[PDB]
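Visitor: run16.cif is reproduced in full below (mmCIF, N, CA and C atoms).
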data_coords
loop_
_atom_site.label_atom_id
_atom_site.label_comp_id
_atom_site.auth_asym_id
_atom_site.auth_seq_id
_atom_site.Cartn_x
_atom_site.Cartn_y
_atom_site.Cartn_z
N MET A 1 8.38 10.72 -9.10
CA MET A 1 7.64 12.00 -8.94
C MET A 1 6.26 11.75 -8.32
N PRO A 2 5.78 12.70 -7.48
CA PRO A 2 4.45 12.65 -6.85
C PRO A 2 3.27 12.56 -7.82
N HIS A 3 2.23 11.81 -7.42
CA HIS A 3 0.97 11.83 -8.12
C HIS A 3 0.06 12.75 -7.32
N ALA A 4 -1.19 12.90 -7.77
CA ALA A 4 -2.22 13.53 -6.96
C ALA A 4 -2.49 12.61 -5.77
N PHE A 5 -3.12 13.17 -4.74
CA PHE A 5 -3.53 12.37 -3.60
C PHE A 5 -4.60 11.36 -4.02
N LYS A 6 -4.54 10.17 -3.38
CA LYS A 6 -5.54 9.17 -3.65
C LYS A 6 -5.96 8.52 -2.34
N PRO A 7 -7.15 7.89 -2.30
CA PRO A 7 -7.57 7.18 -1.09
C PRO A 7 -6.51 6.17 -0.66
N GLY A 8 -6.27 6.10 0.65
CA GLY A 8 -5.26 5.24 1.23
C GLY A 8 -3.94 5.97 1.52
N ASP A 9 -3.72 7.12 0.87
CA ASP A 9 -2.50 7.85 1.20
C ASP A 9 -2.48 8.29 2.67
N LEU A 10 -1.28 8.23 3.29
CA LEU A 10 -1.10 8.60 4.70
C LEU A 10 -0.47 9.99 4.76
N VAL A 11 -0.95 10.82 5.70
CA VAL A 11 -0.50 12.21 5.74
C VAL A 11 -0.44 12.66 7.19
N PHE A 12 0.17 13.84 7.42
CA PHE A 12 -0.24 14.67 8.55
C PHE A 12 -1.11 15.78 7.97
N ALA A 13 -2.27 16.03 8.61
CA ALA A 13 -3.26 16.97 8.08
C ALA A 13 -3.30 18.14 9.06
N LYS A 14 -3.33 19.36 8.52
CA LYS A 14 -3.25 20.51 9.40
C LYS A 14 -4.61 21.21 9.40
N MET A 15 -5.11 21.43 10.62
CA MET A 15 -6.17 22.40 10.77
C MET A 15 -5.81 23.49 11.76
N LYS A 16 -6.43 24.66 11.52
CA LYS A 16 -6.38 25.82 12.39
C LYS A 16 -6.41 25.36 13.84
N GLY A 17 -5.37 25.75 14.60
CA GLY A 17 -5.43 25.59 16.04
C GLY A 17 -5.14 24.18 16.52
N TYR A 18 -4.85 23.25 15.59
CA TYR A 18 -4.43 21.93 16.02
C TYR A 18 -3.06 21.62 15.46
N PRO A 19 -2.26 20.76 16.12
CA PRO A 19 -0.96 20.34 15.58
C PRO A 19 -1.19 19.50 14.31
N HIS A 20 -0.19 19.46 13.43
CA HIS A 20 -0.19 18.54 12.29
C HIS A 20 -0.59 17.15 12.81
N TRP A 21 -1.60 16.52 12.18
CA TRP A 21 -2.29 15.42 12.85
C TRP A 21 -2.23 14.17 11.97
N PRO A 22 -1.85 12.99 12.50
CA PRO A 22 -1.78 11.77 11.66
C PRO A 22 -3.16 11.46 11.08
N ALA A 23 -3.21 11.18 9.76
CA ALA A 23 -4.49 11.04 9.09
C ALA A 23 -4.32 10.25 7.79
N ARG A 24 -5.45 9.88 7.17
CA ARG A 24 -5.41 9.24 5.88
C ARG A 24 -6.43 9.88 4.96
N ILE A 25 -6.17 9.79 3.67
CA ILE A 25 -7.22 10.08 2.68
C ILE A 25 -8.19 8.91 2.65
N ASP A 26 -9.46 9.18 2.92
CA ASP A 26 -10.44 8.11 2.91
C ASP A 26 -11.06 7.95 1.53
N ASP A 27 -11.65 6.76 1.33
CA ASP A 27 -12.53 6.53 0.20
C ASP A 27 -13.89 7.16 0.53
N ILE A 28 -14.71 7.33 -0.49
CA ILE A 28 -16.09 7.73 -0.25
C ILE A 28 -16.90 6.50 -0.63
N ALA A 29 -17.65 5.95 0.32
CA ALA A 29 -18.47 4.77 0.11
C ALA A 29 -19.66 5.20 -0.76
N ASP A 30 -20.18 4.24 -1.52
CA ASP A 30 -21.46 4.45 -2.18
C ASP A 30 -22.43 4.97 -1.13
N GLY A 31 -23.22 5.99 -1.50
CA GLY A 31 -24.27 6.47 -0.61
C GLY A 31 -23.79 7.58 0.31
N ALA A 32 -22.47 7.70 0.47
CA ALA A 32 -21.91 8.64 1.44
C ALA A 32 -21.85 10.06 0.90
N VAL A 33 -21.82 11.03 1.83
CA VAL A 33 -21.65 12.44 1.53
C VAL A 33 -20.28 12.68 0.89
N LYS A 34 -20.29 13.28 -0.30
CA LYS A 34 -19.10 13.63 -1.07
C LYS A 34 -18.48 14.92 -0.53
N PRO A 35 -17.15 15.11 -0.66
CA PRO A 35 -16.52 16.38 -0.28
C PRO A 35 -16.86 17.50 -1.26
N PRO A 36 -16.65 18.78 -0.87
CA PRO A 36 -16.69 19.88 -1.84
C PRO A 36 -15.66 19.69 -2.93
N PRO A 37 -15.80 20.35 -4.10
CA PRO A 37 -14.74 20.33 -5.12
C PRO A 37 -13.36 20.73 -4.60
N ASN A 38 -12.33 20.05 -5.11
CA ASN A 38 -10.93 20.24 -4.76
C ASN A 38 -10.63 19.88 -3.31
N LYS A 39 -11.59 19.24 -2.60
CA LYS A 39 -11.40 18.80 -1.21
C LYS A 39 -11.41 17.26 -1.13
N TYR A 40 -10.66 16.75 -0.15
CA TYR A 40 -10.51 15.31 0.05
C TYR A 40 -11.16 14.95 1.37
N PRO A 41 -11.72 13.73 1.56
CA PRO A 41 -12.19 13.35 2.88
C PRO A 41 -11.03 12.86 3.74
N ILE A 42 -10.76 13.55 4.85
CA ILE A 42 -9.60 13.21 5.67
C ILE A 42 -10.09 12.52 6.94
N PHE A 43 -9.57 11.31 7.17
CA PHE A 43 -9.88 10.61 8.41
C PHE A 43 -8.72 10.79 9.38
N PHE A 44 -9.01 11.37 10.55
CA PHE A 44 -7.96 11.69 11.51
C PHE A 44 -7.81 10.49 12.43
N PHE A 45 -6.58 9.97 12.52
CA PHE A 45 -6.35 8.84 13.43
C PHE A 45 -6.48 9.31 14.88
N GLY A 46 -6.81 8.36 15.75
CA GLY A 46 -6.95 8.66 17.16
C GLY A 46 -8.33 9.22 17.52
N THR A 47 -8.67 10.41 16.98
CA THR A 47 -9.99 11.01 17.22
C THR A 47 -11.06 10.28 16.42
N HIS A 48 -10.67 9.72 15.25
CA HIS A 48 -11.57 9.08 14.30
C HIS A 48 -12.61 10.04 13.73
N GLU A 49 -12.30 11.34 13.65
CA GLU A 49 -13.18 12.35 13.07
C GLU A 49 -12.78 12.58 11.61
N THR A 50 -13.73 13.07 10.82
CA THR A 50 -13.51 13.31 9.40
C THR A 50 -13.64 14.81 9.14
N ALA A 51 -12.74 15.37 8.32
CA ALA A 51 -12.97 16.71 7.80
C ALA A 51 -12.56 16.77 6.33
N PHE A 52 -12.96 17.85 5.65
CA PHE A 52 -12.66 17.96 4.24
C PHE A 52 -11.57 18.99 4.07
N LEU A 53 -10.45 18.59 3.42
CA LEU A 53 -9.30 19.48 3.33
C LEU A 53 -8.72 19.46 1.93
N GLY A 54 -8.09 20.58 1.54
CA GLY A 54 -7.37 20.55 0.27
C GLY A 54 -5.86 20.30 0.50
N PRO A 55 -5.12 20.04 -0.59
CA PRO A 55 -3.70 19.67 -0.53
C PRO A 55 -2.80 20.61 0.26
N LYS A 56 -3.19 21.91 0.33
CA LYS A 56 -2.31 22.83 1.05
C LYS A 56 -2.14 22.42 2.53
N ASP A 57 -3.09 21.64 3.06
CA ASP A 57 -3.07 21.26 4.44
C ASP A 57 -2.66 19.78 4.61
N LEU A 58 -2.17 19.12 3.55
CA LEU A 58 -1.89 17.67 3.59
C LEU A 58 -0.39 17.45 3.37
N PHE A 59 0.30 16.90 4.37
CA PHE A 59 1.75 16.66 4.28
C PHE A 59 2.01 15.15 4.21
N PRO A 60 2.58 14.63 3.11
CA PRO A 60 2.79 13.18 3.03
C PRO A 60 3.58 12.63 4.22
N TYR A 61 3.11 11.48 4.76
CA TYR A 61 3.55 10.95 6.05
C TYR A 61 5.04 10.59 6.06
N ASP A 62 5.50 9.89 5.00
CA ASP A 62 6.90 9.43 4.95
C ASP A 62 7.85 10.63 5.07
N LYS A 63 7.63 11.65 4.21
CA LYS A 63 8.45 12.86 4.22
C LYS A 63 8.39 13.59 5.56
N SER A 64 7.24 13.58 6.27
CA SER A 64 6.99 14.52 7.36
C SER A 64 7.07 13.91 8.75
N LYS A 65 7.25 12.59 8.87
CA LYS A 65 7.05 11.97 10.18
C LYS A 65 8.16 12.32 11.18
N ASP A 66 9.37 12.60 10.68
CA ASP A 66 10.46 12.99 11.58
C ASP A 66 10.14 14.33 12.25
N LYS A 67 9.40 15.21 11.56
CA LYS A 67 9.07 16.50 12.13
C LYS A 67 7.82 16.43 13.01
N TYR A 68 6.80 15.71 12.56
CA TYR A 68 5.48 15.88 13.14
C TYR A 68 5.07 14.66 13.96
N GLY A 69 5.83 13.57 13.85
CA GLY A 69 5.43 12.29 14.43
C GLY A 69 6.00 12.13 15.85
N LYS A 70 5.63 13.05 16.73
CA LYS A 70 6.13 13.02 18.10
C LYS A 70 4.93 13.16 19.03
N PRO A 71 4.99 12.61 20.27
CA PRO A 71 3.84 12.74 21.17
C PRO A 71 3.38 14.17 21.42
N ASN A 72 2.07 14.29 21.65
CA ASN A 72 1.37 15.53 21.86
C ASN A 72 0.35 15.28 22.96
N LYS A 73 0.06 16.34 23.72
CA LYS A 73 -0.86 16.28 24.84
C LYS A 73 -2.30 16.14 24.35
N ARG A 74 -2.56 16.53 23.09
CA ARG A 74 -3.94 16.68 22.64
C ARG A 74 -4.66 15.33 22.64
N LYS A 75 -5.96 15.36 22.97
CA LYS A 75 -6.79 14.17 23.09
C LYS A 75 -6.73 13.39 21.78
N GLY A 76 -6.28 12.13 21.87
CA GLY A 76 -6.38 11.23 20.74
C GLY A 76 -5.12 11.24 19.89
N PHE A 77 -4.23 12.20 20.11
CA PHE A 77 -3.05 12.31 19.26
C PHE A 77 -2.17 11.06 19.31
N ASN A 78 -1.83 10.58 20.52
CA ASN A 78 -0.84 9.52 20.64
C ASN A 78 -1.45 8.20 20.18
N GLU A 79 -2.76 8.02 20.44
CA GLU A 79 -3.46 6.89 19.85
C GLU A 79 -3.34 6.98 18.33
N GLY A 80 -3.49 8.20 17.81
CA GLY A 80 -3.40 8.35 16.35
C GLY A 80 -2.00 8.00 15.81
N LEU A 81 -0.93 8.31 16.56
CA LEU A 81 0.40 7.96 16.11
C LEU A 81 0.56 6.44 16.00
N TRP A 82 -0.06 5.72 16.96
CA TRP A 82 0.01 4.27 16.93
C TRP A 82 -0.70 3.75 15.68
N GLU A 83 -1.88 4.31 15.41
CA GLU A 83 -2.69 3.78 14.32
C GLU A 83 -1.99 3.97 12.98
N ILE A 84 -1.46 5.17 12.75
CA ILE A 84 -0.85 5.47 11.46
C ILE A 84 0.36 4.57 11.21
N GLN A 85 1.13 4.27 12.29
CA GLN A 85 2.32 3.44 12.15
C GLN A 85 1.98 1.95 12.05
N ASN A 86 0.95 1.49 12.79
CA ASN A 86 0.72 0.07 13.05
C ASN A 86 -0.47 -0.53 12.31
N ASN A 87 -1.55 0.25 12.05
CA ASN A 87 -2.63 -0.31 11.24
C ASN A 87 -3.38 0.82 10.52
N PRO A 88 -2.73 1.50 9.56
CA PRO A 88 -3.29 2.73 9.02
C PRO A 88 -4.44 2.47 8.07
N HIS A 89 -4.62 1.20 7.62
CA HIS A 89 -5.68 0.95 6.62
C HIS A 89 -6.84 0.12 7.19
N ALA A 90 -6.90 0.03 8.54
CA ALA A 90 -7.96 -0.72 9.22
C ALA A 90 -9.28 0.05 9.22
N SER A 91 -10.36 -0.70 9.50
CA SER A 91 -11.65 -0.10 9.78
C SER A 91 -11.69 0.39 11.23
N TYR A 92 -11.94 1.68 11.42
CA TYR A 92 -12.01 2.23 12.76
C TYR A 92 -13.44 2.69 13.06
N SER A 93 -14.37 2.25 12.21
CA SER A 93 -15.81 2.46 12.37
C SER A 93 -16.34 1.63 13.56
#
Hey, can you dump this file as structure tokens for me?

Guide:
Amino acid sequence: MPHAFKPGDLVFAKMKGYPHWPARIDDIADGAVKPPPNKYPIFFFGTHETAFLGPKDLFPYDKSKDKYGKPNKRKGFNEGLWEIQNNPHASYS
């Protein structure tokens, strides 16, 4: 059975106007800006941008990759597909 989301989990993350996007739940480093309550820090692969999202917009990667894990024209998307599959826990800073 599923647990709550935790740092390191791999997802497709959905935002308004963008396709379901390969991403991970990030850790929050000491000193770093914390998310709002009930929100997680989401690191988007390829673009390397961060946004704060709740679970309604987070689709676990294993379950969802057959649907959402296909090339897209959008900037950074296909780079992001490579990262999530090949080195999803690397430093992209």

Visitor: Find the spatial neighbours of residue A:56, counting all atoms listed in the file, within a cut-off of 8 Å - ignore same-chain residues fewer than 3 positions away - and output them as a count of residues only.

Guide: 4

Visitor: Here is a test: counting only N, CA and C atoms, which residue of A:12, A:46, A:6, A:54 is nearest to residue A:77?

Guide: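 Ranked by minimum distance to residue A:77, first place goes to A:46.
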
Visitor: Could you tell me which residues the PyMOL selection byres ((chain A and resi 60-62) around 7) returns for this structure, as a list in words?

Guide: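 Listing what the PyMOL selection byres ((chain A and resi 60-62) around 7) selects in the shown file: residues 9, 10, 11, 12, 58, 59, 63, 64, 65 and 66 of chain A.
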
Visitor: Measuring atom to atom with only C-alpha atoms, identify which of A:87, A:52, A:81, A:2 is nearest to residue A:33.

Guide: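 Checking each candidate against residue A:33, we get A:52 as the closest.
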
Visitor: With distances taken over only N, CA and C atoms, which of A:67, A:83, A:75, A:89 is nearest to residue A:8?

Guide: A:89

Visitor: Quick one: DSSP alpha helix (DSSP H) residues in chain A, as number ranges by chain?

Guide: A: 61-68, 77-86

Visitor: Please report the interatomic distance between atom N of residue A:69 and atom CA of residue A:86 in Å with one decimal.

Guide: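 Separation of atom N of residue A:69 and atom CA of residue A:86: 14.5 Å.
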
Visitor: Have a look at atom CA of residue A:38 and atom CA of residue A:4 and let me know their distance in Å, one decimal.

Guide: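 Atom-to-atom, atom CA of residue A:38 and atom CA of residue A:4 are spaced 11.2 Å apart.
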
Visitor: Quick one: residues within 6 Å of residue A:26, only N, CA and C atoms counted, chain neighbours fewer than 6 positions away excluded, as a list in words?

Guide: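 That gives residues 7, 8, 41, 42 and 43 of chain A.
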
Visitor: Check which residues satisfy the PyMOL selection byres (((chain A and resi 78 and name CA) around 12) and name CA) in the file shown, then give them as a list in words.

Guide: residues 19, 21, 22, 44, 45, 46, 47, 68, 69, 70, 71, 72, 73, 74, 75, 76, 77, 79, 80, 81, 82, 83, 84 and 85 of chain A

Visitor: Could those residues be written to a file, using N, CA and C atoms, as a tab-separated table (two decimals), in the frame of the given file?

Guide:
chain	number	residue	atom	x	y	z
A	19	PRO	N	-2.26	20.76	16.12
A	19	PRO	CA	-0.96	20.34	15.58
A	19	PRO	C	-1.19	19.50	14.31
A	21	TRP	N	-1.60	16.52	12.18
A	21	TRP	CA	-2.29	15.42	12.85
A	21	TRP	C	-2.23	14.17	11.97
A	22	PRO	N	-1.85	12.99	12.50
A	22	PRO	CA	-1.78	11.77	11.66
A	22	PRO	C	-3.16	11.46	11.08
A	44	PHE	N	-9.01	11.37	10.55
A	44	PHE	CA	-7.96	11.69	11.51
A	44	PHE	C	-7.81	10.49	12.43
A	45	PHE	N	-6.58	9.97	12.52
A	45	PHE	CA	-6.35	8.84	13.43
A	45	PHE	C	-6.48	9.31	14.88
A	46	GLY	N	-6.81	8.36	15.75
A	46	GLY	CA	-6.95	8.66	17.16
A	46	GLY	C	-8.33	9.22	17.52
A	47	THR	N	-8.67	10.41	16.98
A	47	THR	CA	-9.99	11.01	17.22
A	47	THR	C	-11.06	10.28	16.42
A	68	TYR	N	6.80	15.71	12.56
A	68	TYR	CA	5.48	15.88	13.14
A	68	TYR	C	5.07	14.66	13.96
A	69	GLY	N	5.83	13.57	13.85
A	69	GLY	CA	5.43	12.29	14.43
A	69	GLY	C	6.00	12.13	15.85
A	70	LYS	N	5.63	13.05	16.73
A	70	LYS	CA	6.13	13.02	18.10
A	70	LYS	C	4.93	13.16	19.03
A	71	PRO	N	4.99	12.61	20.27
A	71	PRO	CA	3.84	12.74	21.17
A	71	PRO	C	3.38	14.17	21.42
A	72	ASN	N	2.07	14.29	21.65
A	72	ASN	CA	1.37	15.53	21.86
A	72	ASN	C	0.35	15.28	22.96
A	73	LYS	N	0.06	16.34	23.72
A	73	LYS	CA	-0.86	16.28	24.84
A	73	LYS	C	-2.30	16.14	24.35
A	74	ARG	N	-2.56	16.53	23.09
A	74	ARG	CA	-3.94	16.68	22.64
A	74	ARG	C	-4.66	15.33	22.64
A	75	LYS	N	-5.96	15.36	22.97
A	75	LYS	CA	-6.79	14.17	23.09
A	75	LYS	C	-6.73	13.39	21.78
A	76	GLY	N	-6.28	12.13	21.87
A	76	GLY	CA	-6.38	11.23	20.74
A	76	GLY	C	-5.12	11.24	19.89
A	77	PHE	N	-4.23	12.20	20.11
A	77	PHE	CA	-3.05	12.31	19.26
A	77	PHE	C	-2.17	11.06	19.31
A	79	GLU	N	-2.76	8.02	20.44
A	79	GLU	CA	-3.46	6.89	19.85
A	79	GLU	C	-3.34	6.98	18.33
A	80	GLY	N	-3.49	8.20	17.81
A	80	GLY	CA	-3.40	8.35	16.35
A	80	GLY	C	-2.00	8.00	15.81
A	81	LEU	N	-0.93	8.31	16.56
A	81	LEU	CA	0.40	7.96	16.11
A	81	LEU	C	0.56	6.44	16.00
A	82	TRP	N	-0.06	5.72	16.96
A	82	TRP	CA	0.01	4.27	16.93
A	82	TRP	C	-0.70	3.75	15.68
A	83	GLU	N	-1.88	4.31	15.41
A	83	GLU	CA	-2.69	3.78	14.32
A	83	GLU	C	-1.99	3.97	12.98
A	84	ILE	N	-1.46	5.17	12.75
A	84	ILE	CA	-0.85	5.47	11.46
A	84	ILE	C	0.36	4.57	11.21
A	85	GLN	N	1.13	4.27	12.29
A	85	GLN	CA	2.32	3.44	12.15
A	85	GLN	C	1.98	1.95	12.05

Visitor: Of the residues A:55, A:90, A:50, A:16, which is the one nearest to residue A:28, using only C-alpha atoms?

Guide: A:50

Visitor: Work out how far atom C of residue A:37 is from atom C of residue A:25, in Å to one decimal.

Guide: 14.8 Å

Visitor: Considering only N, CA and C atoms, can you say which of A:1, A:20, A:92, A:29 comes closest to residue A:48?

Guide: A:92

Visitor: Taking the DSSP assignment computed from this structure's backbone, write out as a list in words all residues of stretch 15-83 of chain A that belong to strand (DSSP E).

Guide: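 Taking stretch 15-83 of chain A and keeping strand (DSSP E) gives residues 21, 22, 23, 24, 25, 40, 41, 42, 43, 44, 50, 51, 52, 53, 58, 59 and 60 of chain A.
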
Visitor: With N, CA and C atoms retained, export the selected residues as a short mmCIF file (atom, residue, chain, number, x, y, z; two decimals), keeping the file's coordinate frame.

Guide:
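In the end it all went to result_3.cif:
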data_model
loop_
_atom_site.label_atom_id
_atom_site.label_comp_id
_atom_site.auth_asym_id
_atom_site.auth_seq_id
_atom_site.Cartn_x
_atom_site.Cartn_y
_atom_site.Cartn_z
N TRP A 21 -1.60 16.52 12.18
CA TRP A 21 -2.29 15.42 12.85
C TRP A 21 -2.23 14.17 11.97
N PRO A 22 -1.85 12.99 12.50
CA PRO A 22 -1.78 11.77 11.66
C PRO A 22 -3.16 11.46 11.08
N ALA A 23 -3.21 11.18 9.76
CA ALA A 23 -4.49 11.04 9.09
C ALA A 23 -4.32 10.25 7.79
N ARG A 24 -5.45 9.88 7.17
CA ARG A 24 -5.41 9.24 5.88
C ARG A 24 -6.43 9.88 4.96
N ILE A 25 -6.17 9.79 3.67
CA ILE A 25 -7.22 10.08 2.68
C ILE A 25 -8.19 8.91 2.65
N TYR A 40 -10.66 16.75 -0.15
CA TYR A 40 -10.51 15.31 0.05
C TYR A 40 -11.16 14.95 1.37
N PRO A 41 -11.72 13.73 1.56
CA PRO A 41 -12.19 13.35 2.88
C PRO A 41 -11.03 12.86 3.74
N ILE A 42 -10.76 13.55 4.85
CA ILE A 42 -9.60 13.21 5.67
C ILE A 42 -10.09 12.52 6.94
N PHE A 43 -9.57 11.31 7.17
CA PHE A 43 -9.88 10.61 8.41
C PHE A 43 -8.72 10.79 9.38
N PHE A 44 -9.01 11.37 10.55
CA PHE A 44 -7.96 11.69 11.51
C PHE A 44 -7.81 10.49 12.43
N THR A 50 -13.73 13.07 10.82
CA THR A 50 -13.51 13.31 9.40
C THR A 50 -13.64 14.81 9.14
N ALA A 51 -12.74 15.37 8.32
CA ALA A 51 -12.97 16.71 7.80
C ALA A 51 -12.56 16.77 6.33
N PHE A 52 -12.96 17.85 5.65
CA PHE A 52 -12.66 17.96 4.24
C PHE A 52 -11.57 18.99 4.07
N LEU A 53 -10.45 18.59 3.42
CA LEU A 53 -9.30 19.48 3.33
C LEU A 53 -8.72 19.46 1.93
N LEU A 58 -2.17 19.12 3.55
CA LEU A 58 -1.89 17.67 3.59
C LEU A 58 -0.39 17.45 3.37
N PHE A 59 0.30 16.90 4.37
CA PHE A 59 1.75 16.66 4.28
C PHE A 59 2.01 15.15 4.21
N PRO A 60 2.58 14.63 3.11
CA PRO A 60 2.79 13.18 3.03
C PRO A 60 3.58 12.63 4.22
#
